[PDB]
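Engineer: So that we are looking at the same thing, I have put the structure below in structure tokens.
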Protein chains: 2
Amino acid sequence: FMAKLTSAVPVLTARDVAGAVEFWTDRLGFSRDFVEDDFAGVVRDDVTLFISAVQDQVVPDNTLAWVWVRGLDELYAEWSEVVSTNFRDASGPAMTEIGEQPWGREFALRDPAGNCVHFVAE
Amino acid sequence: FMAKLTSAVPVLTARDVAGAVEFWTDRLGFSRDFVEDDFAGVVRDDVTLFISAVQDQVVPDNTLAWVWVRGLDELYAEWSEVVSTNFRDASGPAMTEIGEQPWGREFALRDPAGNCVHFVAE
């Protein structure tokens with residue numbers, strides 16, 4: 001008899017949770033799972049992400065997450081029309097271009113709070 | 001044709017990645033998946049956690065993750081013999097006691113780097 005770990009949920013951070021949730025749902029297509037004032041959960045297909053409140057901006061600026069997807073080029077097309085593809089010369093939410101990395105074919109997305117999330121082709 | 005998100009991997013943070021990895025593997029039973037100098041991955045059963053390097057200690061002190069498990073009381077017993085159960089009066093790695101929260105029956109564990117990970121009974 002040994003304990004089995006079954007699944008994990010990344011936690012993104014934000015000084016402004018409510019705005020982080022508005023962005024992931026109204027713009028990226030996730031749904032609200034639950035929303036407290038300093039803690040929320042959003043969901044899309046089999047992926048859940050939690051969003052937690054923090055006071056220091058450097059935390060969200062250093063927060064990361066990796067998500068796997070079937071149909072990466074299409075996610076990229078779906079999101080490129082609501083998120084800038086000029087990842088460098090941009091201050092707000094942005095997306096890098098698809099490229100190969102050791103973990104696979106991917107692209108990263110920075111949300112309004114500063115979280116950087118990597119989406120990888122399954 | 002719509003992109004489907006299939007799974008996610010939480011990213012823990014540490015000023016000292018190598019030590020964070022030693023702890024999650026030699027003491028908690030995870031295996032090394034890959035180890036670069038400022039980025040690593042550990043695995044146990046169906047759960048993978050990445051560990052990333054940062055310079056500011058406040059990031060790991062604010063980093064969170066949620067993991068689900070079958071056989072929570074047994075994970076608690078397996079880990080209570082290598083991690084302190086005096087969560088308050090302790091400075092290093094520690095574990096709180098099992099309690100009910102809105103997300104379910106759980107316990108939290110703080111690792112040496114400062115990450116706080118919640119383990120929930122499936």
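Ordered as shown in the structure tokens, chains take letters A, B, and onward, while each chain numbers its residues from 1 and ligands are numbered from 1 in the order shown.
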Report the residues of chain B whose backbone DSSP state falls under strand (DSSP E), written as a PyMOL selection string.

Structural biologist: chain B and resi 4-14+31-35+39-44+47-53+64-70+94-95+99-101+104-110+116-121

Engineer: Can you check which residues of chain B have any atom within 10 Å of chain A? Use only C-alpha atoms and format it as a ChimeraX atom specification.

Structural biologist: /B:1-13,43-78,118-122

Engineer: How close does each residue of range 22-119 of chain B get to range 98-106 of chain A, giving the shortest atom pair and distance in Å to one decimal for every residue with an atom at most 12 Å away, counting only C-alpha atoms, sorted by chain and residue number, as CSV?

Structural biologist:
```
residue,atom,partner,partner_atom,distance
B:33,CA,A:103,CA,11.8
B:34,CA,A:103,CA,10.5
B:36,CA,A:102,CA,11.1
B:39,CA,A:102,CA,11.8
B:40,CA,A:103,CA,11.7
B:41,CA,A:103,CA,11.0
B:50,CA,A:103,CA,11.7
```

Engineer: Can you list, as a list in words, every protein, DNA or RNA residue that comes within 9 Å of residue 93 in chain B when you count only C-alpha atoms, leaving out same-chain residues fewer than 5 positions away?

Structural biologist: residues 83, 84, 87, 109, 110, 111, 112, 113 and 114 of chain B

Engineer: Mind listing the alpha helix (DSSP H) residues of chain B, per DSSP on the backbone, as a ChimeraX atom specification?

Structural biologist: /B:17-22,72-80

Engineer: Go ahead and save the picked residues with N, CA and C atoms, as a PDB file, in the first residue's frame.

Structural biologist:
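part_7.pdb, written as the output of this step:
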```pdb
ATOM      1  N   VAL B  17      18.507  25.340  -6.739  1.00  0.00           N
ATOM      2  CA  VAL B  17      17.854  24.263  -7.456  1.00  0.00           C
ATOM      3  C   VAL B  17      18.361  22.883  -7.053  1.00  0.00           C
ATOM      4  N   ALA B  18      19.677  22.688  -7.131  1.00  0.00           N
ATOM      5  CA  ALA B  18      20.280  21.398  -6.763  1.00  0.00           C
ATOM      6  C   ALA B  18      19.802  20.897  -5.399  1.00  0.00           C
ATOM      7  N   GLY B  19      19.758  21.770  -4.402  1.00  0.00           N
ATOM      8  CA  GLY B  19      19.285  21.299  -3.117  1.00  0.00           C
ATOM      9  C   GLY B  19      17.788  20.983  -3.095  1.00  0.00           C
ATOM     10  N   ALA B  20      17.009  21.748  -3.872  1.00  0.00           N
ATOM     11  CA  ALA B  20      15.566  21.561  -3.950  1.00  0.00           C
ATOM     12  C   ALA B  20      15.306  20.172  -4.558  1.00  0.00           C
ATOM     13  N   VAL B  21      16.083  19.811  -5.579  1.00  0.00           N
ATOM     14  CA  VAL B  21      15.962  18.517  -6.236  1.00  0.00           C
ATOM     15  C   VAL B  21      16.340  17.357  -5.299  1.00  0.00           C
ATOM     16  N   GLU B  22      17.436  17.528  -4.562  1.00  0.00           N
ATOM     17  CA  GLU B  22      17.923  16.504  -3.611  1.00  0.00           C
ATOM     18  C   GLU B  22      16.816  16.181  -2.605  1.00  0.00           C
ATOM     19  N   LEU B  72      -4.023   9.628   0.969  1.00  0.00           N
ATOM     20  CA  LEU B  72      -3.457  10.785   1.640  1.00  0.00           C
ATOM     21  C   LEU B  72      -2.887  10.423   3.010  1.00  0.00           C
ATOM     22  N   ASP B  73      -3.663   9.755   3.873  1.00  0.00           N
ATOM     23  CA  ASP B  73      -3.133   9.371   5.203  1.00  0.00           C
ATOM     24  C   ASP B  73      -1.810   8.577   5.104  1.00  0.00           C
ATOM     25  N   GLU B  74      -1.680   7.715   4.084  1.00  0.00           N
ATOM     26  CA  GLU B  74      -0.452   6.974   3.917  1.00  0.00           C
ATOM     27  C   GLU B  74       0.711   7.862   3.401  1.00  0.00           C
ATOM     28  N   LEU B  75       0.412   8.869   2.567  1.00  0.00           N
ATOM     29  CA  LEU B  75       1.468   9.760   2.099  1.00  0.00           C
ATOM     30  C   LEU B  75       1.921  10.517   3.350  1.00  0.00           C
ATOM     31  N   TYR B  76       0.941  10.926   4.154  1.00  0.00           N
ATOM     32  CA  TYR B  76       1.260  11.651   5.370  1.00  0.00           C
ATOM     33  C   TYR B  76       2.167  10.780   6.269  1.00  0.00           C
ATOM     34  N   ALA B  77       1.833   9.492   6.436  1.00  0.00           N
ATOM     35  CA  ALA B  77       2.692   8.649   7.259  1.00  0.00           C
ATOM     36  C   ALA B  77       4.056   8.476   6.610  1.00  0.00           C
ATOM     37  N   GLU B  78       4.097   8.217   5.308  1.00  0.00           N
ATOM     38  CA  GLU B  78       5.386   8.038   4.639  1.00  0.00           C
ATOM     39  C   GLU B  78       6.247   9.268   4.825  1.00  0.00           C
ATOM     40  N   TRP B  79       5.685  10.453   4.678  1.00  0.00           N
ATOM     41  CA  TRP B  79       6.523  11.659   4.820  1.00  0.00           C
ATOM     42  C   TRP B  79       6.775  12.145   6.238  1.00  0.00           C
ATOM     43  N   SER B  80       5.869  11.861   7.171  1.00  0.00           N
ATOM     44  CA  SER B  80       6.125  12.318   8.532  1.00  0.00           C
ATOM     45  C   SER B  80       7.412  11.730   9.125  1.00  0.00           C
TER      46      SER B  80
END
```
